Each structure stands twice: as C-alpha cells, then as structure tokens.
Amino acid sequence: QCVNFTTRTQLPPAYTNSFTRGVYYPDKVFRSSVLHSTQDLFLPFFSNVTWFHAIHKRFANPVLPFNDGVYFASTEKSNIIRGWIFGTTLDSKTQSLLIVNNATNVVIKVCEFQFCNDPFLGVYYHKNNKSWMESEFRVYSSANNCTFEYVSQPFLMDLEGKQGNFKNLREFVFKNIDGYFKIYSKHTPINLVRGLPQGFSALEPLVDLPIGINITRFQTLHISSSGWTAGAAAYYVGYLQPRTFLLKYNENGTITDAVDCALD
Amino acid sequence: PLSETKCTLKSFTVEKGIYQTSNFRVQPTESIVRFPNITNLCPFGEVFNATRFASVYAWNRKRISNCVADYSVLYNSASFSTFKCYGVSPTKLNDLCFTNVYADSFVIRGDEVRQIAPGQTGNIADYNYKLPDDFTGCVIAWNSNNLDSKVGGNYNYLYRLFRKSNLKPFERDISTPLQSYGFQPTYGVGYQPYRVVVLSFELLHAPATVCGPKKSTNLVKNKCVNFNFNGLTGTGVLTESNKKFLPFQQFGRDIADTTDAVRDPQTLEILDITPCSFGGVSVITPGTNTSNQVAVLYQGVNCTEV
Amino acid sequence: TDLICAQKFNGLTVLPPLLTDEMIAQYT
C-alpha cells in the first residue's frame, strides 16, 4: 500500500510518432458525403508522444499534468492497465475521479480518497476460473463526501494472456469542456511489436461526465506488497492542443480521413 | 386572382403576360412531440413506501439529483390524506426544473399536520422540526395508522416531547422525558400518527439536475407538421428513410449544414426532415380588353388537394 | 457536371428554363 514496489524506478521517457492518432467524432451531429471542419482540443499529426513500458524488473508510474488535455494510446494483449485516477492535489483535501474498468462495466466515482504511495489492485489464483478479476483494493484506505457516482453499460473484453506481438489496442481521449468531462473510446485489434502502426482510426464517444471539478494531474493504475511486480504492457500519453480537423464522411458516416493543417 | 395582378402591378389595366402576384406556403396540420423513454425512472418509493422511518427529530434527508422527478403520483392517485403546497400548485411541480431536491421523511401525530407551516410554533415546531419563513416547499401527508402504530406505543420514534430550548428551522438534534407517547391505534384520528415528507426546493445558477415535464403524442408521416423531439423545434415533413445513424449520434445535416433528419429519442427509427411545400403564385391572364379569364400557376410543386 | 434539392430546402428556388434541352438540339 504505502510501500513502493521493489522494481519501481524511473524509466527513460522515449518518444514516438502518432500517424493519425488524435482523431475523434466531435459531437453527436451526423454528416455524410461532405467535408466538415471543426476546432477543438486535438492531438497534432506527426507529433511526439512519450513511450512508456512495464515488464516483470522495471516499473514506472509517473504523474503528468492534465491541464492541456491528454491522449491515451494503449498497445496491450491481455489488457493489464484498467484505467486511471484523476485529481488536482491527489489527496483527501479535494475531490478525486476514480475510473476502474473490470472488463465488464466502468465504475466512475467522485469522492474524497486517501491515496496510498503505490496503489494496487489485488489479482491472484490464476489456475481455475481466473477471469483476471480484481480481488484486493490497495488503492485507497477510506472514502467519503461523494459528489458523483456512475456505472456504464456492460461490454466484453479479452483478458486472456497471449504470446508474441501485441494484439489489442485501446485509444482514449479525455478532455475538459467547460468543467464537464467527455470520454472517448475505441477498441480494435492490431499487430504491433514496438512503436505505432501506420493507419487511420476514428474514436467513438463513451461517457459524458457532468462532474464540474478541476484536475491538474493524473497517475496510471498498474499493475491491476513490495515484492509484487507488473506484467508486460505498454501505454502512451499524448498532449491535446487546439487544432482544426478537416474530416471526411463516407456514405455510412464513418470518418475515412482527417486533415489538420499546421504542417504542410 | 385577376385583381391580384391589379394589386401587384398597381394598375387597373393588366397587360397580356405571366406575372407573379404572391407566394404560397402550406401551414402545419398538427404538432408532433416525442420524448425519450419515461418508463422505469427513479421513483419516490424509497422515501414514501419505505417500511420504517425515523422520528421527528431523527428525520433523514435524501438528496434527489441527476434523475427525473415524477410528481403526478402525489395528487392524482388520491391515496393521500392531505397536503399543503406553497407558492406553486401540484400541477406546476412537474412543469419546472429544480437544481436540487431534498426529502425529509418523518412521522407526526394527527393534530400536528396543521403545525407544519412556515413561521409557526407548537410542540414539534419549536422543539423538533421548524420551517423557515422563506420556505417555498411543497409537503404531502398520509396515514401511518395501519402500520407504524403499535399497542402501548411504538419505541422506534419515541416522540420526544421536551427540550430545554427551541430549534432553528431545519435543525436535526439526534442527542440522546421518553416517556414515549402512545401510538396505539385505538386513539382517534387526532392522536393517530401520519407520515409526512417535506420536499425542499433549490434554484441556483447551476444547471438543473432535475428533469421537467414529459409528454408524448402519436407520430404522423408524409404531412406538414410542427415537430419537436427533445432537441429542436421546427415545421416540416417527416419521412422515414434508409439512413443509418450511429447509436451515439442523433441529428443529421445536409450539404448546407441544415438539419435534414432526426432520430426518435424513444424508439429506434430515422426520419428525414423535409421543409413543407412552398413557392410563388404565377397568374396567366390575357389583356384587360381581351377577357377576364385567369390561370393560377404553382411553381415547382404538385397539387394534391384539388 | 442532390445539391439543387438541398438548396431548395432553405428557400432558394431554382426556376426551370423556358427552352428545354430537346428543343435546343432541334434548332441545331
């Protein structure tokens, strides 16, 4: 709980390039066979996103600013990292956001949490009917003064461990609009070893959070007690900026292309 | 229409030719209103229909927010003995949106139903539960006589009679007379307990977390009507199309960024929005010295009335 | 080289020409 892992250390912040990453549906407005231009918090094309990793003797969980917006890109197989916790001071002095994904629903609670030095989610007994479900919660000791609570709709996710190159891909975009939060999510399989693939994708909305708090910082929840180490997984952290997308709409409404000019 | 040409040209003699004397537009026949599904919302049965309550001084406050409040069950069911609703009628309750709603559940005696008013005194008013002078709330009462009543008095509420001083409005004193007052059903209608729930209303600059009135009518297609589904008002023709919308996408747009379609907030369907027929009125007539015969020409529209 | 139908929805009326295309080829 309050004792960091023996393998926890600061890893080198490598950088990579996100080809089309950062494109998402702006709102619920539908258009087809037209070219629309909008301006919101976006991830620039051909930018530099920081390269993070975790293995069975290196572990890193840095805290990064949420002020300008952050893009999430997770290249994983068994989906080890289950979400994030958002907060300003990251203590019980103010409110904190709790996002936990059990691969069934999404538990969203805004309360006053007491953060342990190294939050952890208990997982064990992998022999019969493992399911990769959480058991012990080392994240917070106590909770009170809850101003918000939410439970999403059920879905399906593959938590089974695999060998070889990475398979699953989860792309999240979290932003702050006039105090209210908007959640974007997409899940598609890919073939990846290291870096990022060359391709295009469009992110669908997920949950609209009418919370209304201010969050200057965030940390990563992983692995989902000093001798306990983390599995093999990788996730990425981007920085959102006020860009302008030119979107292409097909006959079905799916975005087949996006163009953001400040480069060429 | 022969004089309409004289009215447009501002002359008593009409020259031979075609002239546009006016424009025509078809008015909407009726109004179509559809709202998202109102079934299986968050009810009030937790505070109202609960098995056991707290006492007058032990009253609990439930926070009602981020849900839909249905106030039609209160007055229309006629299952409640009496109610006092201040500043608004029980019908205006459903027609307004509130920022925060609080429910204070407690059980008082029979003669104490008149002792709940803004700015009043009494046994439970000063010593237990008091209403401020500015209180705009709406309270409803009903009989507990067949449930909360027990032979020899109920020891759950205890009805604390005495206190050394008076309590401020909306002040809960749980400090542990008594000496519990008899709740036995054998007493008359004045000494029998009634269930009273006080509704506290708050209106602030923050957006209202409570939802207003919900009403829906039948849906009609291939006619000019006034359509409002939860997001937009307008007049046009509603026709179901083969378009496919994403489940999180509602309104569509044309090439001109005008909304050409709308999805039903309740059921699953997609109907295009076509503006109602309109055009100019063209009058075809010969000269004034020829004849009075005229011909009305509707521009770019088929005539389905005749 | 519908756009015409979309513009007619906002109140912009496109009047048909008096001389059709079949009569133009006959004059030619």
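A few words now on the overall build of chain A. In terms of helices and strands, chain A carries 0 helices and 16 strands. Against the compact-globule benchmark of 18 Å for 264 residues, chain A has a radius of gyration of 19 Å, which places it among compact chains. Taken along the three principal axes of its C-alpha coordinates, chain A extends 55 × 45 × 35 Å. A burial count over chain A gives 50% of its 264 residues as buried. Computed over 23 positive and 20 negative side-chain charges, the separation of the two mean positions in chain A equals 8 Å.

The next point concerns the arrangement of the chains. The structure contains 2 pairs of chains in contact, of which chains A and B account for the largest number of contacts. You won't find any contact between chain A and chain C; their C-alpha atoms come no closer than 11 Å.

On to the sheet that holds strand β2 (residues 31-33) of chain B, then. Within a sheet, adjacent strands bond to each other through the backbone by hydrogen bonds, running parallel or antiparallel. Residues and elements named next belong to chain B. Strand order in the open sheet made by the 5 strands is β2-β10-β11-β13-β12, with mixed pairing throughout. Taken across any chain shown, the strands that pair with only one partner, and hence form the sheet edges, are β2 and β12 (261-263). Going from strand to strand, the sheet's axes swing by 45 degrees on average, the running direction of each strand aside. Bridge analysis of β12 against strand β13 (residues 270-274) gives 3 bridges, and the strand direction is antiparallel. Bridging from a neighbouring strand, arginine 263 pairs with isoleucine 270 of β13.

Turning to the nonpolar core, a few remarks are in order. All names here are of chain A. Membership of the largest hydrophobic core comes to 34 residues, with the highest contact counts inside it found for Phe86, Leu97, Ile108, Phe174 and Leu209. Going through the elements one at a time, β5 (70-76), β6 (83-87), β7 (96-101), β8 (106-115), β10 (166-177), β11 (180-192), β12 (204-209) and β14 (234-237) are the ones with two or more residues in this core. For this core, the element with the highest residue contribution is β8, accounting for 3 residues. Sequence-distant contacts of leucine 209, defined by excluding residues within four places in its chain, comprise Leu97, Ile108, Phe148, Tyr180, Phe181 and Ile183.

The subject of this paragraph is the sheet that holds strand β14 (residues 278-285) of chain B. All names here are of chain B. Ordered by their spatial adjacency, 3 strands build an open sheet running β1-β14-β15, and the pairing between neighbours is antiparallel. Of all strands in the sheet, those bounded by a partner on one side alone are β1 (17-25) and β15 (295-298). Direction aside, the axes of adjacent strands within the sheet are offset by 30 degrees on average. In the sheet, β14 pairs with β15 via 4 bridges, with the strands oriented antiparallel. Bridge pairing in β15 places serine 282 opposite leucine 297. Across the face of the sheet, helix α1 (residues 2-9) comes into contact with β1 and β14 while running at roughly 95 degrees to β1.

The next subject is the UniProt feature "disulfide bond" in chain B. All names here are of chain B. For the UniProt disulfide pairing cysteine 97 with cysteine 211, the two sulfur atoms lie 6.7 Å apart, too far for the bond to be present in this model. Considering the arrangement of structural elements, one finds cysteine 97 in the loop between β5 (82-85) and β6 (100-108). Relative to the helices and strands, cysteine 211 is located in strand β9 (residues 210-211). In this model the sulfur atoms of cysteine 224 and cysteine 276, a pair UniProt annotates as disulfide-bonded, sit 2.0 Å apart, close enough for the bond to be present.

Next up on the list: the state of the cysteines. Residue and element names in this part refer to chain B. Inspection of every chain in the model, using the stated rule, returns 3 disulfides over all chains. Disulfide pairing is shown between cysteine 85 and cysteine 138; the S-S distance is 2.0 Å. Looking down the S-S bond of the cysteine 85 and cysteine 138 bridge, the torsion is -110 degrees, so its handedness is left-handed. Of this pair, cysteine 85 sits in strand β5 while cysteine 138 sits in strand β7 (residues 138-143); the two residues are 53 residues apart in sequence, bridging distant segments of the chain. Like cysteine 85, the residue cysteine 138 is buried in the burial classification. Each sulfur of the disulfide joining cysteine 224 and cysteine 276 lies 2.0 Å from the other. One quick way to see it: the torsion about the S-S bond of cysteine 224 and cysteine 276 is about 90 degrees, and its sign makes the bridge right-handed.

This brings us to the interface of chain C and chain B. At the interface, 8 residues of chain C touch 8 residues of chain B. Contact between chain C and chain B buries roughly 610 Å² in total, counting both sides, with carbon and sulfur atoms accounting for 66%. In terms of surface lost to chain B, no three residues of chain C exceed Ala6, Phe9 and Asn10 of chain C, which account for 58% of the buried area on that side. Between the two partners, chain C and chain B, sit 0 salt bridges.

All told, the structure shown has 40 aromatic pairs over all chains when counted by the stated rule. Seen in terms of ring centroids, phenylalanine 30 of chain A and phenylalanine 245 of chain B are 4.7 Å apart; in terms of plane orientation they differ by 45 degrees. Their pairing is tilted. Taken together, the residues span two chains, with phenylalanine 30 of chain A in the loop between β1 (14-18) and β2 (35-42) and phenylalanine 245 of chain B in the loop between β11 (233-240) and β12. Just as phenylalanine 30 of chain A is buried, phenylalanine 245 of chain B falls in that class too. The interplanar angle of 40 degrees and the centroid separation of 5.6 Å between the aromatic rings of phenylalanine 44 of chain B and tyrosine 71 of chain B together place this pair among those described as tilted. One end of the pair, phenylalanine 44 of chain B, is in the loop between β2 and α2 (45-48); the other, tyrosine 71 of chain B, is in the loop between β4 (67-68) and α3 (72-76), with 27 residues separating them in the sequence. Both residues of the pair, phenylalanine 44 of chain B and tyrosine 71 of chain B, count as buried. Over the face of the ring belonging to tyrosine 57 of chain B we find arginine 160 of chain B, whose NZ or CZ atom lies 4.0 Å from the ring centre. A cation sits over an aromatic face here: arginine 195 of chain B above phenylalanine 53 of chain B, 5.0 Å from the ring centre.

Further remarks concern the pairing of β11 of chain B. A regular strand carries its side chains on alternate faces of the sheet. Residue and element names in this part refer to chain B. Both strand β10 (residues 224-228) and β11 contribute to a ladder of 5 bridges, which runs antiparallel. Across the sheet, residue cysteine 224 finds its bridge partner in β11, namely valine 237. As consecutive antiparallel partners, β10 and β11 are separated by 4 residues, and within that stretch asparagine 230 has a phi angle of approximately 55 degrees, a positive value. When β11 meets β13, the two strands line up antiparallel, connected through 4 bridges. Bridged to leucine 238 within β13 is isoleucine 273.

On to the side chain of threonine 38 of chain A, then. The topology assignment puts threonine 38 of chain A in strand β2. Residues in contact with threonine 38 of chain A, not counting those within four places in the same chain, are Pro26, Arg243, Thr244 and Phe245 of chain A.

As defined by bridge partners, β2 of chain B adjoins β10 of chain B across 3 bridges and the pair is classed as parallel. The residue bridging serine 31 of chain B from the neighbouring strand is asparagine 226 of chain B, located in β10 of chain B.

With that out of the way, let us pick up the interface of chain A and chain B. On the chain B side, the residues contacting the 13 residues of chain A number 13 residues. Taken together, both faces of the contact between chain A and chain B bury some 1,200 Å²; the carbon and sulfur share is 54%. Of all residues in chain A, the largest losses of buried area upon contact with chain B belong to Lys28, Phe30 and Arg31 of chain A, amounting jointly to 46% of the total for that side. Inspection of the region where chain A meets chain B yields 1 salt bridge. A salt bridge links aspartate 257 of chain B to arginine 31 of chain A; the shortest N-O distance between them is 3.4 Å. Between chain A and chain B we count 4 residue pairs in polar contact in total. Of the residues contributing to the side of chain A that touches chain B, the split by class is 8 nonpolar, 1 polar and 4 charged.

Rules and cut-offs
- Residues numbered from 1 in each chain as written, not as in the entry; some residues may be left out.
- Chains lettered and ligands numbered in written order.
- Part of a larger assembly, values for the part shown.
- Heavy atoms only, no water.
- Helix = DSSP H or I, 4+ residues; strand = E, 2+ residues; numbered from the N terminus.
- Rg over C-alpha atoms; globule rule 2.2 N^0.38 Å.
- Buried < 20%, exposed > 50% of the residue type's maximum accessible area, 1.4 Å probe, protein only.
- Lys, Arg positive; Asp, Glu negative; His and termini not counted.
- Charge placed at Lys NZ, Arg CZ, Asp CG, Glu CD.
- Contact = heavy atoms within 4.5 Å.
- Pairing = 2+ DSSP bridges.
- Axes fitted to C-alpha atoms, helices over the stretch in contact; angles between N-to-C directions.
- Core = buried A, V, L, I, M, F, W, Y, C linked by side-chain atoms within 4.5 Å.
- Disulfide = S-S within 2.5 Å.
- UniProt positions renumbered as here; feature names shortened; annotations may be inferred.
- Buried area = accessible area lost by both parts, 1.4 Å probe.
- Salt bridge = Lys/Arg side-chain N within 4 Å of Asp/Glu carboxyl O.
- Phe/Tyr/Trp six-rings, centres within 6.5 Å; stacked < 30°, edge-to-face > 60°.
- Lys NZ or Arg CZ within 6 Å of the ring centre and 35° of its normal.
- Polar contact = N/O pair within 3.5 Å; in protein donor to acceptor, adjacent residues only side chain to side chain.
- Nonpolar A, V, L, I, M, F, W, Y, C, P; charged D, E, K, R; others polar.

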